[PDB]
Amino acid sequence: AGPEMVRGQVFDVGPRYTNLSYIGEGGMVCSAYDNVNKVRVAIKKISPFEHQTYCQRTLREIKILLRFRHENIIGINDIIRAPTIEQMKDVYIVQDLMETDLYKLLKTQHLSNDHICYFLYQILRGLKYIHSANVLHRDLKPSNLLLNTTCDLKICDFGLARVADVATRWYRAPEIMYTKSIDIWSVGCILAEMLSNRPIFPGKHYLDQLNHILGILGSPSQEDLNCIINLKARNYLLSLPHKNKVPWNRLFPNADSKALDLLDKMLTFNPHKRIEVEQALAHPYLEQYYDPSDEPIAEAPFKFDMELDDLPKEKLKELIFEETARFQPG
Ligand SMILES: CN(C)c1sc(C#N)c2c1-c1nc(Nc3cccc(O)c3)ncc1CC2
């Protein structure tokens, strides 16, 4: 029958994966029937060989998700690519099929405080495991939080993930305009969005993003501004007129006072004064779900065998070909 196709684009995943149907982009992402495990799966087509940045982003995700094994993190079941390096133009990552994402859910559904509390717990449960491995997600947002029929949550897209030592603007920490705290900020933005079904900081650009943050948190203090900050960004925020702090209960008068207290501690301008993943799970708002016994952590910190940023384009393609060879027949 030949290689399969979806919306005028090759999707050569057959004969194992058949009956394809489009979902979205991230390249193209489809659902497919697996003839071996007799279930429908998710398949992400990646075409990254034009740019060295897309190759290292693809390699980092594969290496991280193959090492990671946690209920609140999407794994990798299979990887399809050409039998020879010359013909390898694409990489197909096969993962578990989820019903929806948090972006599509919040666009059509109102969440009860109980559902908000359970989603937040699972995000922080999964983040606890990520952070214990000394890994930063760097792009936590509603579209990266997959959900199943029974409301179970999984974190996906580890392309922008780096080892602890570019992102979606709305959920991007002020310090970026680096460390584990940037992911807490992003979870803060996700919590605020779950409470009102709209983004708390919808900036059109980097400047508008900062103005939206200051519009709620108020003008930053001397200690907030004092850091290894961008000279242009510092002078801009100093030139801006005074902005008053909007109390959290004024933005979400409906919301649980415990949910707001946690949101305040997560949406802290200063990343050093910001709440960490453990103290966040231990917060009185999440006591119904907090269980240190059933919250696994990584065995050892994650580390790359080599500096991927220094490797030339050709060696990077060979590494992708080598890392994916384990899923080849042989
Ligand atoms: C949102 N989306 C298309 C993306 S980007 C993406 C990445 N990285 C994934 C998925 C995905 N999605 C789904 N399911 C899903 C998501 C949205 C709508 C829908 O009907 C199903 N299951 C597994 C996955 C696998 C991982």
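What's counted below: heavy atoms across the whole structure, side chains too, no hydrogens, waters or symmetry copies. For ligands, and for the atoms within them, numbers begin at 1 and follow the listed sequence. If you read the sequence from its start, that first residue is 1, and numbering goes on from there.
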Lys/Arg N to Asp/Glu carboxylate O, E193 vs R198, below 4.0 Å: no

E276 versus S181: any side-chain heavy-atom pair under 4.5 Å? no

Would you say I216 and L210 are hydrophobically clustered, going by side-chain heavy atoms of ILVMFWY under 4.5 Å? yes

With a cutoff of under 4.5 Å between side-chain heavy atoms, which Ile, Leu, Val, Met, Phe, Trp and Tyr residues group with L160? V166

Could you give the N/O to N/O pairs under 3.5 Å linking ligand 1 and the protein, each with its distance?
{"unit_1": "ligand 1", "atom_1": "8 (N)", "unit_2": "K44", "atom_2": "NZ", "d": "3.4"}
{"unit_1": "ligand 1", "atom_1": "14 (N)", "unit_2": "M98", "atom_2": "O", "d": "2.9"}
{"unit_1": "ligand 1", "atom_1": "20 (O)", "unit_2": "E99", "atom_2": "O", "d": "3.2"}
{"unit_1": "ligand 1", "atom_1": "22 (N)", "unit_2": "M98", "atom_2": "N", "d": "3.0"}

Any salt bridge (charged side-chain N to carboxylate O under 4.0 Å, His left out) pairs touching residues 242-254, not counting sequence neighbours? none

Write out all pairs satisfying salt bridge (charged side-chain N to carboxylate O under 4.0 Å, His left out) with one or both partners inside residues 126-137, taking only residues at least two apart or from two chains. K128-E278, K128-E295

